Protein chains: 4
Amino acid sequence: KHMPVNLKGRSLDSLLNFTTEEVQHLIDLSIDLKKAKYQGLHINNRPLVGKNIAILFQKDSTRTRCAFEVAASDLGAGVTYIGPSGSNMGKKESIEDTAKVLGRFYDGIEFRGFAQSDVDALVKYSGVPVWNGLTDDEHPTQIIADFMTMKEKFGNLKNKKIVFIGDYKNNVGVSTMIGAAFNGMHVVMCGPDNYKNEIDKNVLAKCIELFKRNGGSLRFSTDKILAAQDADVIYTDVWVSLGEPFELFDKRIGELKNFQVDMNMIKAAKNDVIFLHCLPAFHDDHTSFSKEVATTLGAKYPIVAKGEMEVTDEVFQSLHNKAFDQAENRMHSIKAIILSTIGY
Amino acid sequence: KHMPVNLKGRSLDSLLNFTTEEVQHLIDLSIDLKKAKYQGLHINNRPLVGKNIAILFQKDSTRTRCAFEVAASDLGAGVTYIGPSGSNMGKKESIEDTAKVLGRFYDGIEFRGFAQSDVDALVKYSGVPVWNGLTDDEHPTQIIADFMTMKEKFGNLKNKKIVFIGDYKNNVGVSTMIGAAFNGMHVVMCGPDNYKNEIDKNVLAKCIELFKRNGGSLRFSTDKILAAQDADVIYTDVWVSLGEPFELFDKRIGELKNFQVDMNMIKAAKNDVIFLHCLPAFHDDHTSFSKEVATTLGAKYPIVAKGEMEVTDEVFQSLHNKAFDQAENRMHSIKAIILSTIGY
Amino acid sequence: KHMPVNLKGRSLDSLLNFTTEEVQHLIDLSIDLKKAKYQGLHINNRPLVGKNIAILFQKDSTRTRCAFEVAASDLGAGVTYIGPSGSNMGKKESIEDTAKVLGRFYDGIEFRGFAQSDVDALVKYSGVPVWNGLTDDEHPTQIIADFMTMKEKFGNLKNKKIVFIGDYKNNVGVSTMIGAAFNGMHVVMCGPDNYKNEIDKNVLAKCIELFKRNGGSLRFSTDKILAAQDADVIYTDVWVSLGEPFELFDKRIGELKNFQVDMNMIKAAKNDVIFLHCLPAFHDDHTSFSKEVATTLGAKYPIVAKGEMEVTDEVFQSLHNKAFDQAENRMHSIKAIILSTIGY
Amino acid sequence: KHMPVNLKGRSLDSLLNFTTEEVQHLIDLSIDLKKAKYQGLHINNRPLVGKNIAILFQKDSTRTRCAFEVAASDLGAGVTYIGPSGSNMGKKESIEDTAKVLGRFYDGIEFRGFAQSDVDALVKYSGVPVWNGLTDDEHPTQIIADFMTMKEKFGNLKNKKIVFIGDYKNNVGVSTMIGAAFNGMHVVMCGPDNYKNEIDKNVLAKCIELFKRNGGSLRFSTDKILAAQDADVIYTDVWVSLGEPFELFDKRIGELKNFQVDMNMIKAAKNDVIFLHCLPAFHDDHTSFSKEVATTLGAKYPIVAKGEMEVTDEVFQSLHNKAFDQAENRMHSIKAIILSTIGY
């Protein structure tokens, strides 16, 4: 705990492997690096000239990829991008052997893919810093971006209130809960009552320990307008998982229909409440997808009849939506992570 | 609104043409650039080498000129200073033709002069960034300096209270009201009741919209000790306009005599209240001008009998006067404006 | 027009949004940059270090992609290439939302895709320079590279004569007509008389305005040998669309069979005539696709029986063929565009 | 003529002290330097770091001053601007003593003033390069800019035709005659017959000899329409010099009234004629001076009724008007002169 906040050589496999001081360091550094770029300081100060990173994506994730690509370039590192065709592991070669080779060529490795265990193998066998760019269990680069954004707005985050509403058991929802614990905030996980029973219990146990240490609290709710009361932040995510069949679509939005973020919910929160969403969001009919949803389920569920789903265009176009600031911050935060971890 | 805060190529003709996010960006950048200079970072990092700006002054304004000259130089730009003899427009050549030529030689143009319309022509016909260095209608570089100063002192400015007292219908007074709207503060425009009827109504309408969006309020007052109550900032300006004849002098100070900032007013405000003034200020008899005023009107108006006018030396020498910090900040703010607008 | 030529911050969505002076400047700047690279001046002089661009391709376009890659790299910019997987706008996210994030990350964006309105959204919502890499409607980077190539060979182009022959209603043919208008050349659009009624009538009106202003003229023709009289340039394009079905395929070559560029045509033109083709071209049976054509057709259509379609190998091997200089100039012209548009 | 072209240490006192090759060299170097600024090559290549120049203006000439200021700064030199209050030679000190001191401080001297003999003394006693910024006798920097502009439009100028029309005996007229001799052009000095008698005879003799060598011709004329036949260039200047007494105005306009440049004249020339004017031009009523003139006269002289004098606004807005390119070129041409003369 009171050793130096030295992150050289560490991997961002899960944020839970880091102290509260280390997490605050990442967030602060991010803000510093953002401020530095606006001054053009990255023109003459490129500390990773001589370094190369590989960024693997076994499923495409363009936001995370672009953030890695601009952050590394700004720092002076070469980046090689390997998409799904080359990122599939454990099939043609053991992930162990792949790891040992990547560690010979590269100074750092990003990986986005399904199995957290894949990340663990990469970390163990490569010997260089590995950065989890999203797995089934966690989205740790996104955490630094999100809480950095809230901090830019409010300053110190302790005892501030955040509601994550919707499919709160998914990787984003769970990632947000971890961030709330590290920042001593009060979280309300607002959605279907039984979702909380699907959250990995080791994660809950660790968050609980963090809340006791840092402040804030964890609470589950079933009531959107209740949850909203006194909230500084309201954070939502998609109800749908592209690639699953009509049944599960129908099922999910059936469970979720009472939890769409609308002006009602915004109005219940504080005046300065900000809205967050990792994007993309479905908040109108300007997508071919919203359309073939407003059309084929606008019957049963009138709530999606205008394309809108997890949030309404009315909320999305208001001054409360900070999702684009939050989007930009994925770059500054990933830059902080790469710098701390590779070192200047 | 939620597009990127990209100011490249924009002109600072009026601050009203900018979003609230853009205005906060300018203020924050200013603070960043100030902090950077104190570290000597401008020695090796001069992003505008290869660029030149022209700074025109059809009436002399040494504070604005020096700020432009040091800010541009620090950035690495050449500057050419054209005073009143060469800055007069529309007489010897159409301002349109002058604009089209300046835009061929220079990467940016500053202009201080009477007609806002002159600024508009420069912006339209030159095609490069134009910076209004003060016109009859507005003093937008001063706005960034002033609110930067308040922010350095208090942090976030929303719902803080500022009183602008005196000739509150003049360009400084109106400029301060715009800044208050962008920062969600409560303004009291404290002076003669009828002055409010001379304020351009399109400006009021826009400020009103900003207050509704950002917070704070607009209120007119006739009572100095009332206005002061709970104020974080008290901002004043000169009662006189050098170059007008004795009549209007006499007239103005007759209308204004009840609104001089004294220890009474300071004491009514909060303990941490700061005093602001764009300078120069008449607050003692150490000017040949205060003297031939304390002498020829000290009779009728005993309030100016010691040279003092808009403020008393007692207030000016107290720890509340931040006008010299505010003065320094004209440079850092103009540097932020030039950098954002020309780009690194 | 009296305005300074300042392309800074501009998007290249359609050449038609530019003045004649701005088009010449791009052509001349490209020639300069080509000369500067041959002297190795790009090693020590790299004006875009600290900038990053995204190049998006919703259909693969290898030639355009490489040009951007080499151009941006020579300038010192980072580039991130996103292919079809990640470039499809409007399905999983509104193009507006995507555009607003792209602009947070990148300093400029290239986009190649079917709908010109996609380019329009990118320009409106990203806030950064956007470059049309080719849409159904127009190919603006190719235009600059084409007329650059012509200028390199002939000097000032006013009143010189160009024949675009074949499917002159397609995007290359239309683009070429636009380019000729900007250069005051005489164009003859040569092929099936019907094809002229398929050209956007707004594009026609604007070209006619440019011909009147700049010189040259517009004519249509049905006879390639009469069209070739006094021609400085003969420019053609493929007869087929890959992916397109047999019927349409067969229909086109029936319509175009009399419009193949052969030595007879070359000789009807001037002695210094040059031949252009944006490439790839089918001018022999060295492609598996030519063979498939000289077989499934070519009894029915003996022109395509040796694999040659729009042009014969005899012309393609002759000193008249400048298509490879035209190809190299994709890079120099795209460099002029990035440099002008981002700025040094 | 066989001597190397080497202008190092030379003064630009009169162009007539220069060979035809030296004048072409300066025009050509002007074009090269223009192309180089557009690619950003002046950021890293500043051959005059360590040099300082003084630019003296006995009467304010804003356009020439800005050209020197920007040209020198691009090259890396410091510049000291001295206005009328400081540039009055021969009154409080001998010009010879002043020149001796200026040579001790500076590496180059610009001087703008009425007496050519003041330039001669600066040249003789300072020992450094001296550049004539404009005297009663000549405007040598303007000559290089002007003929540069013609060359950029036409290429080789030999045997091409220019008309100088109006007060052709003034320093701009005579200067244009000089530049035309050096370029082998056919000049027609068009205006009041008795003007040709006002032109220095040595100058005429020297020009005659240049035409014989280079291939132009000199010719006077009283018919604006006849003179314009087959003209590639029409160049004019103002009829009035601010500020002589009124009597001289109406005397002048009485003499010049038939020589205003109008679209009838433009149309009598070649289609590609270009119009030039060193500016400011009075071509409408957007200047206070125009109005005062359209008022006091305009009864007596109908042409000047709309504010237009030497050129009509209809021509001035035509695509023929190049005066703004001509204005930009003041800078590049002055840059060629400074660089050639101080040396790299």
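All residue numbers here begin at 1 and follow the chain in the order shown.
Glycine residues also receive a Cβ, built from the backbone N, Cα and C atoms like all the rest.
Residues D:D237, D:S241, D:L242 are recorded by Swiss-Prot as L-ornithine binders, and the candidate that the same record lists for that site, out of D:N159, D:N171, D:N321, is D:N171. Per Swiss-Prot, the carbamoyl phosphate site holds D:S61, D:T62, D:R63, D:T64, D:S85, D:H139, D:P140, D:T141, D:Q142, D:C278, D:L279, D:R330; the candidate it also names there, chosen from D:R10, D:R104, D:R112, D:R252, is D:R112. The separation of D:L242 (L-ornithine binding site) from D:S61 (carbamoyl phosphate binding site), Cα to Cα, is 13 Å.
Separation of the C-alpha atoms of D:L242 (L-ornithine binding site) and D:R63 (carbamoyl phosphate binding site): 16 Å, rounded to the nearest whole number. Straight-line distance linking the Cα atoms of D:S241 (L-ornithine binding site) and D:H139 (carbamoyl phosphate binding site), rounded to a whole number, equals 16 Å. Inclusion criterion for the binding-site residues D:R63, D:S85, D:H139, D:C278, D:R330: a C-alpha placed within 10 angstroms of the C-alpha of D:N171 (L-ornithine binding site); this criterion is met by D:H139. Considering only the binding-site residues D:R63, D:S85, D:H139, D:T141, D:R330, no residue lies within 10 A of D:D237 (L-ornithine binding site) on a C-alpha to C-alpha basis. Highest Cβ count within 10 Å among the binding-site residues D:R63, D:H139: D:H139.
On its own chain, D:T141 (carbamoyl phosphate binding site) has D:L12, D:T64, D:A67, D:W131, D:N132, D:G133, D:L134, D:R330, D:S333, D:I334, D:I337 as residues at least 6 apart in sequence with a Cβ closer than 8 Å to its own Cβ. Neighbour counts were taken at the CB atom with a 10 A radius for the binding-site residues D:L242, D:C278; the maximum falls on D:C278. Residues from the set of binding-site residues D:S61, D:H139, D:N171, D:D237, D:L242, D:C278 situated with their C-beta under 8 Å of a chain B C-beta: D:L242.
The Cβ of D:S85 (carbamoyl phosphate binding site) lies under 8 Å from the Cβ of no residue that is in the same chain and 6 or more residues away along the sequence.
D:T141 (carbamoyl phosphate binding site) falls within a helical segment according to DSSP. Apart from the site residues D:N171, D:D237, D:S241, D:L242, the chain places the Cβ of D:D167, D:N170, D:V172, D:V238, D:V240 no farther than 8 Å from the centroid of the site's Cβ atoms, the recorded L-ornithine location. Secondary structure from DSSP puts D:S85 (carbamoyl phosphate binding site) in a helix. With respect to Cβ neighbours within 10 Å, the binding-site residues D:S61, D:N171, D:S241 differ, and D:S241 shows the lowest count.
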